[PDB]
Amino acid sequence: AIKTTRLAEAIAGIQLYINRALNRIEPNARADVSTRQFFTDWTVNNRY
Amino acid sequence: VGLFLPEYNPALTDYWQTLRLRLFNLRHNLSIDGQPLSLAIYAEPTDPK
C-alpha cells in the first residue's frame, strides 16, 4: 500500500547506512572519515 | 539442586514489545493506534432475479 519516490528511498537508505556506520555497528568503519564537519553536526543533518 | 532461577528484566521486554508493535503498524499502513489509513470497497450486489 505504501508508496514513495526514488529520491526519497535513496535518501532513507543513505541515512540508514550512515546511522549504522557511525554507531560502530558495522565494523571497520574509517575513523578519520567519521570526524568530518558534516558528521560532527549529525544531530542536525539527519533530517531534511 | 532445588533452588529458583533468575528472572528477566520486564522493562527491556516492554521496550522490545513496543518496538515490534510500532514497526508492525508502520509496515502495514496503519495509524499509531491501529486504525487503518486506507478506505475499503463495498462490492455492491448486482440486483435480484
# chains A, B, ... in the order shown; residues from 1 in each chain; ligands from 1
$ closest_atom_pairs --of "chain A" --to "chain B" --cutoff "12 Å" --atoms "only C-alpha atoms" --output "tab-separated table"
residue	atom	partner	partner_atom	distance
A:1	CA	B:29	CA	6.7
A:2	CA	B:29	CA	6.3
A:3	CA	B:29	CA	10.0
$ select_by_dssp --residues "chain B" --states "alpha helix (DSSP H)" --output "PyMOL selection string"
chain B and resi 10-27
$ residues_around --residues "range 18-26 of chain A" --least-positions-apart "5" --cutoff "9 Å" --atoms "only C-alpha atoms" --output "list in words"
residues 13, 34, 39 and 46 of chain A
$ write_last_selection --atoms "C-alpha atoms" --output "PDB file, in the first residue's frame"
ATOM      1  CA  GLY A  13      18.857   4.263   2.525  1.00  0.00           C
ATOM      2  CA  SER A  34      33.811   9.915  10.551  1.00  0.00           C
ATOM      3  CA  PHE A  39      29.201  14.137  10.566  1.00  0.00           C
ATOM      4  CA  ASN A  46      19.948  13.610   9.832  1.00  0.00           C
TER       5      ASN A  46
END
$ residues_around --residues "residue 21 in chain B" --least-positions-apart "6" --cutoff "12 Å" --atoms "only C-alpha atoms" --output "ChimeraX atom specification"
/B:14-15,27-28,30-34
$ write_last_selection --atoms "C-alpha atoms" --output "compact mmCIF listing (two decimals), in the first residue's frame"
# COMPACT_ATOMS: atom_id res chain seq x y z
CA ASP B 14 8.48 -3.90 27.30
CA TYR B 15 10.85 -1.93 25.07
CA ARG B 27 4.84 -1.52 7.74
CA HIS B 28 1.13 -2.29 7.26
CA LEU B 30 -1.83 1.86 9.81
CA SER B 31 -2.01 4.73 12.27
CA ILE B 32 -0.21 4.66 15.61
CA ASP B 33 -3.38 3.30 17.26
CA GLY B 34 -4.01 0.57 14.68
$ atom_distance --atom1 "CA of residue 11 in chain A" --atom2 "CA of residue 45 in chain A"
11.9 Å
